[PDB]
């Protein structure tokens, strides 16, 4: 009569790699690399996007007449700019610090548009429009020009009596010629000034031809500022100035999440949003995109990070089948557990799982997986940024951060999986060996350690004796 200690072999096709071996068959494995997304742009935990289908961010900021105003309590956590959004500034010119302005507007926790300089309080003409601007003009500024061939110096003030800062906008106009300068502002040499308690800026007139844009040869330089609570904004000009009209109240701003994308919008909530799609993921790594916002696994460019869970899955080589245990390989027949017993006595042969050692092993492998997954922080995000033509150095520095961080995570995740897989396979060997040593102690000198998982019993052992050996109540000292 014999009793043998073995472990499960299964129909699984899974293989993994380890630090020391390639393509080892295993009975169970777990992917650590999240690989799927829902092909949509969704809400995150921080909020919902603002989709812009015909207007650029700065079109909304300055109030391009082809753009809708924003709803008076809207919030958004990121901005989507479709390839059809082409309405930015409409009158030919340039925006100062456009990248910083777009970042500033890229998020809001509760939007409000506030009037700052009522258009009827100006003493000159304030109604001018332009064909470049849909035969209208901007909705957040007013173009001042001469009235009755005169342009006395205008001066007006506004105090921020709100609880949050206000983003405000203005521009300086440079006509295409001296006659255009006279026609619009009468005075040939003008001075415009913007000031607060924190800043003072002076602008002097100029005119002359420029490269024609849709027929127009004058130019505007667009500027912007932030008026903090209780500060006062003074506007002064005797020509060439497009003055503020309405400001935007800034609440929860400058998160920077801007996405130029054609991916369809959806009605969905997601932990992690990328340009090509969003997803929920408990895994610590992902191969979907280097840029993502929300609560995001670290990005790793590779196809798989497969962790071994179960054991080496090579059965004992069938060639009648002799009798052996764990030393020769696994048992294709073992069912209810990872490790178990096969016995041979005069009532026949049988095979039963050992639930204790199996559950101990499962708890250990489960806490290993949970530690590898749970220790990963998911607070910070890596997002795409915009840089101007004279910002290639900071562009390179930004990319260097993203790339060096990626190299660290790729190497550490690959090596961690390889090292842990080696350990896990060795741990299963240790577990089944420890089951075998327990029985050895329990059987004492009543059995010869063939040792190949198998024990030759020096006395007959029927099914009841076999059960006592399995459930650990067999006494090696018994007399019957």
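Positions refer to the first chain, counted from 1.
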{"item": "Missing residues, deposited sequence, between residue 319 and residue 320 (class: none, 1 to 3, 4 to 9, 10 or more)", "value": "1 to 3"}
{"item": "Per the entry, higher mean C-alpha B factor between 433-441 and 446-454", "value": "446-454"}
{"item": "Greater mean Cα temperature factor according to the PDB record, 320-328 or 306-314", "value": "320-328"}
{"item": "Given 77, 97, 221, 286, the residue at which the Cα B factor reaches its maximum", "value": "77"}
{"item": "Selection by C-alpha B-factor (highest) of 346, 157, 366, 196", "value": "346"}
{"item": "Record-listed C-alpha B factor of residue 372: chain third", "value": "lowest"}
{"item": "B-factor third for the C-alpha atom of residue 180 within its chain", "value": "middle"}
{"item": "Residue 275, C-alpha B-factor rank within chain (lowest, middle or highest third)", "value": "middle"}
{"item": "Relative C-alpha B-factor of residue 461, binned into the chain's lowest, middle or highest third", "value": "highest"}
{"item": "Assigned third (lowest, middle, highest) for the C-alpha B factor of residue 393", "value": "lowest"}
